[PDB]
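Just below is one structure, and these are the notes that go with it.
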Amino acid sequence: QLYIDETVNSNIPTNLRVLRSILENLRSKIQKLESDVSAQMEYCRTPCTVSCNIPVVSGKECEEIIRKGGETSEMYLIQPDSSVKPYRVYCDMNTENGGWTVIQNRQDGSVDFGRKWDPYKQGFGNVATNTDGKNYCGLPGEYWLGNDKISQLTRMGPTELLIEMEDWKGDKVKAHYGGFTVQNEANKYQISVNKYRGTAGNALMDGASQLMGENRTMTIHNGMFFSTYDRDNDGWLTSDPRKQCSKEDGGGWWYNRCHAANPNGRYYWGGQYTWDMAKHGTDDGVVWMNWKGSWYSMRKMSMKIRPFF
Amino acid sequence: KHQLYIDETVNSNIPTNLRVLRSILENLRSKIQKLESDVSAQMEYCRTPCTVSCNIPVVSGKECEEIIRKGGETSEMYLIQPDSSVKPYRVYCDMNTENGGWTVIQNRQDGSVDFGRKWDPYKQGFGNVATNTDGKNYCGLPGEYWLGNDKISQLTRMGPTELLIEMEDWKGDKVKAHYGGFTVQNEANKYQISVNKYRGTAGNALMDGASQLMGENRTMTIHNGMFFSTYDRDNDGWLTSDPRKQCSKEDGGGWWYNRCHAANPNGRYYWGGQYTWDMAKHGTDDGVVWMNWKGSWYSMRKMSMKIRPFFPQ
Amino acid sequence: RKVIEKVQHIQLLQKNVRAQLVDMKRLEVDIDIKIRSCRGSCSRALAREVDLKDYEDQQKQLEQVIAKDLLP
Amino acid sequence: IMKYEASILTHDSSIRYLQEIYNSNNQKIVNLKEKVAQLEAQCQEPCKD
Amino acid sequence: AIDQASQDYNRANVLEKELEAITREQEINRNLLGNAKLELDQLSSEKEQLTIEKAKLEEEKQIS
Amino acid sequence: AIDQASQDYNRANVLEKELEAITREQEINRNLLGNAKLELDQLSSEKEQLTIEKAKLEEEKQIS
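Protein chains in written order, with my numbering: chain A, 5 to 313; chain B, 3 to 315; chain C, -11 to 60; chain D, 53 to 101; chain E, 107 to 170; chain F, 107 to 170.
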């Protein structure tokens, strides 16, 4: 009976030491978080403000505008159809040939992108902000233009597309799409890009580049419907609260099963983010797979248009 | 400046008010710890009682007196029988003290027995009569007891019986107090005590009263001609109708109580002798107390009550 | 206003603490005696001490601490 | 004055908790008072002869 | 939980191992001042005994 | 109750790390005791300078 395990009673000590120095680390964590969410809720008593001096030169879109002499990057006001109320917009008049009408921007995660179906139709976010001491908003804000709004912009004719992105190491790579169309609402804003070229890999028509076979074909955005956390139109025709691509607090998108890319994803700092960081243990961040990976969210990310010649 | 006055210092004298108030409440916790632990260890000891082998010696008699005449001449336990219609009972006779023939009817020396008893246990007697002296077959040492009422009554009710009372302080000085007369009555006479013919080194606390109280305040510390009372039976000199003027209260001994006492040998055995108001269960003086020699807050180390019939003249 | 309402609690407390500190003395004794009162009933008797010097050392405190209040 | 309305809380926990210990002890005591009454009945019997 | 709180107090066990080590370092903190004064005290008079010798040894040249 | 347990736990663990911090100044204790030997360094050089002075004094009083 040399089997006395009073030894199993001198590592429960070493054990309980840990399991307390863990449970009472996490307690003083919920301290700092109770404290901080309290402070922000106080700063959020009063809104941030901008004074945006609408430039004179208008038009239908930002190409007209650059042809009409308007030659610097800032917010402009535009009106594409006569029977459609005019709206503000940021134009890049500096990239390749200018004439770019930004419709999606990301650069500091200063906007909550995980929004319902409706707030994706109209649009949301800051179109631009006052720079330095100048009187015109010459810097772009994080925003989504609007489905309805993006629908008709493209349905007006041959519209190309540019997609930029930066990593956190300081590298950039683009992704052109000579063609691009987005339908209306009774057609669930059905995308469909083509004529691809560039240095960031055709994530939209080819699916994820580190995938294979059927399991890659199901990560093709091209031809996909559009869906948001409260309204589901992904590949999964299998109805279940578990097989949605857009789950609570995750950006609406042209989701298949599920994604090779999501620029309406969540803005994880630093870059590298893992399954235990994600609210749903998914890859819900700002991701363009075909370049960085599956657990890397982008530093910057921009989606511009400009009709095609 | 009468507005630069605000007490911001009620923030250095409040830390030093919980720096204590918790160093005290938590030091009473670790006390309730130790008391809970002890009442448990003993509770386990009290699964199996103590043992004695009391070999009743040959020579009997009516009283410890006869027994000394009847050739019995050392101090130990004996059986005795007063009247024939009475079942015999044991008793420890002091033979060495003065001239022997001493029928011990109360004893104290280590608190070994509880005295906070009701009427009935006092009526029947209680406690150890003697204890197996070291490695011998006869019970040579005595034990703490109270020989009982009915028994002590009749045992004097016979003929002239003289009473004796020894005692000790915790430094080891002694005194005595003889009473050439002594009587306890039957039950329906509430075991009424009555003494006389006092002498001795301890002070007639039983007839005269306390040495320090005077006037009316002394005439109430008189045990003579007093009835007997226990914490369940009120027969003390009080006639104020309230359950707060009883001389004997819960966990207090039974005795001949007036208003209230000059002496209580059926007290509670406080160790060390010295015992203050905030040690007592009721705040009163309930210990092994003989006022006329040691005051009111001193519990006696030893205290015995031996009797003998009246002869010496 | 508030700091005044505190003392009302912080004194009803401390007057209750001395009332408990009393019984912890009355008991500790009532216990030391009732165990001694077993020596002659039970085979074994619990060999113990009673440190009173402690009680009157933290009765020395509390009182030495009971200062004024808030009246002048 | 700022934390002279915050320390009333740092020193209000340290009232309700002090009262908490106390109230426990007053219950714990009234409990050990039963367990003594159960040691009284156990110490009335004279040593077994 | 109370038993835990009380168990973790304690506390004073560690606190009063400083109330009995801080003052030990403080008694010797006045032994920094009450000694670095008497150390540099010894210096100025030590330096002044050097000066009394020089402004004296020159008078031995006037002897012969 | 728990709030209290934790408060005490942590303050204890903070104290653990402060007792180790003071005991590096206990190192510099044997430096002050190392100055009573540096006091006697100059105390003895004073007794040494003093006796040099009045050895020179004995000589000027005998040339007058």
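Positions of the beta carbon are idealized from the N, C-alpha and C atoms, including for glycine.
### Message
Is residue 110 (chain F) close to chain D? Criterion is C-beta to C-beta, closer than 7 angstroms.
### Response
The residue you call residue 110 (chain F) lines up with position 4 of the sixth sequence. Closer than 7 angstroms: yes.
### Query
Taking a cut of 8 angstroms between CB atoms, which residues from the segment 143 to 167 of chain E lie near chain F?
Here the close residues are 144, 145, 148, 149, 151, 152, 155, 156, 158, 159, 162, 163, 165 and 166.
### Task
List the residues of chain D whose Cβ lies closer than 7 angstroms to the Cβ of residue 53 (chain C), in chain order.
Walking along the third sequence from the start, residue 53 (chain C) turns up at place 65. None at all; the shortest Cβ gap to chain D is about 14 angstroms.
### Query
Name the chain F residues whose beta carbon is nearer than 8 angstroms to that of residue 72 (chain D)?
Within the fourth sequence, numbered from 1, the residue matching residue 72 (chain D) stands at position 20. Within chain F, the residues 107 have their CB atoms less than 8 angstroms from the CB of residue 72 (chain D), given in chain order.
### Query
For residue 121 (chain E), which residues in chain F fall below 7 angstroms Cβ to Cβ?
For the purposes of this step, residue 121 (chain E) is taken as residue 15 along the fifth sequence, with counting starting at 1. Against residue 121 (chain E), the close residues of chain F are 121, in the order they occur along the chain (beta-carbon pairs closer than 7 angstroms).
### Query
Whose C-alpha, out of B:312, B:65, B:81 and B:63, is nearest the C-alpha of residue 141 (chain B)?
For this step, residue 141 (chain B) is matched to residue 139 along the second sequence. Nearest of B:312, B:65, B:81 and B:63 to residue 141 (chain B), Cα basis: B:81.
### Query
For chain D, is any of its Cβ atoms less than 7 angstroms away from the one on residue 29 (chain C)?
Within the third sequence, residue 29 (chain C) is the residue found at index 41, counting from 1. Flagged as an interface residue toward chain D: residue 29 (chain C), by a C-beta distance shorter than 7 angstroms.
### Query
What do you reckon, are the CB atoms on residue 260 (chain B) and residue 224 (chain B) nearer than 7 angstroms?
As a working mapping, residue 260 (chain B) is identified with position 258 in the second sequence. As a working mapping, residue 224 (chain B) is identified with position 222 in the second sequence. Judged by beta-carbon spacing, residue 224 (chain B) lies within the 7 angstroms limit of residue 260 (chain B), meaning their Cβ atoms are closer than that value.
### Task
To the nearest angstrom, report how far apart residue 219 (chain B) and residue 213 (chain B) are at their CA atoms.
Locating residue 219 (chain B) in the second sequence gives position 217, counting from the first residue. Locating residue 213 (chain B) in the second sequence gives position 211, counting from the first residue. One C-alpha to the other measures close to 11 angstroms.
### Message
Looking at the secondary structure, which residues open and close the alpha helix (DSSP H) in which residue 151 (chain B) lies?
### Response
In the second sequence, residue 151 (chain B) corresponds to position 149, counting from 1. For residue 151 (chain B), the enclosing alpha helix (DSSP H) stretches over residues 151 to 159.
### Query
Does the separation of the CB atoms of residue 2 (chain B) and residue 110 (chain B) fall below 7 angstroms?
With chain B represented from 3 up to 315, any question about residue 2 (chain B) goes unanswered, as that position is not in the structure.
#### Entry: Cα-Cα separation between residue 280 (chain A) and residue 287 (chain A), rounded to whole angstroms
The residue given as residue 280 (chain A) occupies position 276 in the first sequence. The residue given as residue 287 (chain A) occupies position 283 in the first sequence. Inter-residue distance for residue 280 (chain A) and residue 287 (chain A) is about 11 angstroms (C-alpha atoms, whole angstroms).
### Task
Mind checking who residue 289 (chain A) pairs with in its DSSP beta bridge?
Translated into the one-based positions of the first sequence, residue 289 (chain A) becomes position 285. By DSSP's assignment, residue 289 (chain A) forms a beta bridge with A:270.
### Task
Taking all protein chains shown into account, decide if residue 254 (chain A) is buried (16 or more other Cβ within 10 angstroms of its Cβ) or exposed.
Your numbering for residue 254 (chain A) matches position 250 in the first sequence. Buried.
### Query
With 7 angstroms set as the bound, which would you pick, yes or no: does the beta-carbon of residue 67 (chain D) sit closer than that to a beta-carbon of chain C?
Here residue 67 (chain D) is taken as the residue at index 15 of the fourth sequence, counted from 1. By this cut-off, residue 67 (chain D) is an interface position.
### Query
For residue 203 (chain B), is the classification buried or exposed, using 16 other Cβ atoms within 10 angstroms of its Cβ as the cut-off for buried?
Along the second sequence, one-based indexing puts residue 203 (chain B) at 201. Exposed.
#### Entry: Per-residue burial, residue 88 (chain A) [other beta carbons within 10 Å of its own, 16 or more giving buried]
Along the first sequence, read from residue 1 onward, the residue named residue 88 (chain A) stands at position 84. Its Cβ having fewer than 16 others within 10 Å, residue 88 (chain A) is exposed.
#### Entry: Inter-residue Cα distance where the pair is residue 2 (chain A) and residue 293 (chain A)
For residue 2 (chain A) there is no data in the structure shown, the boundaries of chain A being 5 and 313.
### Message
For residue 301 (chain B) and residue 15 (chain A), what's the separation of their Cα atoms in angstroms?
### Response
The residue given as residue 301 (chain B) occupies position 299 in the second sequence. The residue given as residue 15 (chain A) occupies position 11 in the first sequence. Taking the straight line joining both Cα atoms gives about 53 angstroms.
### Message
Per DSSP, what are the beta-bridge partners of residue 93 (chain A) in this structure?
### Response
In the first sequence, residue 93 (chain A) corresponds to position 89, counting from 1. According to DSSP, which records beta bridges pairwise, residue 93 (chain A) is partnered with A:80.
### Message
Run through chain C and tell me which residues come within less than 8 angstroms of residue 280 (chain B), C-beta to C-beta.
### Response
Residue mapping note: residue 280 (chain B) aligns to position 278 of the second sequence, counting from 1. Residues of chain C passing the Cβ test: 10, 13 and 14.
### As assigned by DSSP and simplified to three states, the class of residue 164 (chain F)
The residue given as residue 164 (chain F) occupies position 58 in the sixth sequence. DSSP places residue 164 (chain F) in helix when its eight states are reduced to three.
### Query
Along the chain, where does the alpha helix (DSSP H) that runs through residue 62 (chain D) open and close?
Numbered from 1 along the fourth sequence, position 10 holds the residue referred to as residue 62 (chain D). Residues 59 to 62.
#### Entry: Delimiting residues of the beta strand (DSSP E) encompassing residue 304 (chain A)
Along the first sequence, read from residue 1 onward, the residue named residue 304 (chain A) stands at position 300. Where residue 304 (chain A) is concerned, the enclosing beta strand (DSSP E) stretches over 304 to 311.
### Message
Using a Cβ-Cβ distance cut-off of 7 angstroms, determine whether residue 116 (chain B) contacts chain D.
### Response
Walking along the second sequence from the start, residue 116 (chain B) turns up at place 114. Yes, contact with chain D.
### Task
For residue 144 (chain A), collect the residues of the same chain with a Cβ closer than 7 angstroms to its Cβ; drop the 5 residues on either side in sequence, then sort them by chain order.
Looking up residue 144 (chain A) in the first sequence gives position 140. 94, 106, 109 and 132, listed in sequence order.
### Task
Over the uninterrupted alpha helix (DSSP H) stretch that includes residue 70 (chain A), give me the two end residues.
Taking the first residue of the first sequence as position 1, residue 70 (chain A) is located at position 66. Counting along the chain, the alpha helix (DSSP H) containing residue 70 (chain A) begins and ends at 66 to 71.
### Query
Relative to chain C, which residues along the segment 78 to 89 of chain D have a C-beta separation below 9 angstroms, given in chain order?
Here the close residues are 78, 81, 84, 85 and 88.
### Query
So which residues on chain F does residue 136 (chain E) lean against when the C-beta distance must stay under 9 angstroms?
Locating residue 136 (chain E) in the fifth sequence gives position 30, where the first residue counts as 1. Within chain F, no residue comes near residue 136 (chain E); the closest Cβ sits about 11 angstroms away, beyond 9 angstroms.
#### Entry: Spatial distance of residue 39 (chain C) from residue 117 (chain E) (CA atoms)
The residue labelled residue 39 (chain C) in the question sits at position 51 within the third sequence. The residue labelled residue 117 (chain E) in the question sits at position 11 within the fifth sequence. When the Cα atoms are used, residue 39 (chain C) and residue 117 (chain E) turn out to be separated by approximately 24 angstroms.
### Query
What residue does the alpha helix (DSSP H) around residue 252 (chain B) start on, and which one ends it?
Position 250 of the second sequence, counting from 1, holds the residue named residue 252 (chain B). Where residue 252 (chain B) is concerned, there is no enclosing alpha helix (DSSP H), because DSSP gives it neither an H nor an E.
#### Entry: Extent of the continuous beta strand (DSSP E) to which residue 30 (chain B) belongs
For this step, residue 30 (chain B) is matched to residue 28 along the second sequence. Residue 30 (chain B): not part of any beta strand (DSSP E); member of the alpha helix (DSSP H) spanning 23 to 47, first to last residue.
### the segment 163 to 172 of chain B touching the segment 264 to 276 of chain B, judged by at least three CB pairs closer than 8 angstroms
Yes: the two stretches touch, three or more of their Cβ pairs being nearer than 8 angstroms.
### Buried/exposed call for residue 16 (chain C), threshold 16 Cβ in 10 Å
Along the third sequence, one-based indexing puts residue 16 (chain C) at 28. Buried.
#### Entry: Residues near residue 298 (chain A) in its chain [Cβ-Cβ closer than 6 angstroms; skip 5 each side]
Numbered from its first residue, the first sequence carries residue 298 (chain A) at position 294. For residue 298 (chain A), the CB contacts under 6 angstroms within the same chain, skipping 5 residues up- and downstream, are 287 in chain order.
### Query
Using a Cβ-Cβ cut-off of 6 angstroms (strictly less than) and excluding sequence neighbours within five positions of residue 90 (chain B), which residues of its own chain qualify?
In the second sequence, counting from the first residue as 1, residue 90 (chain B) sits at position 88. Here the set comprises 81 and 83.
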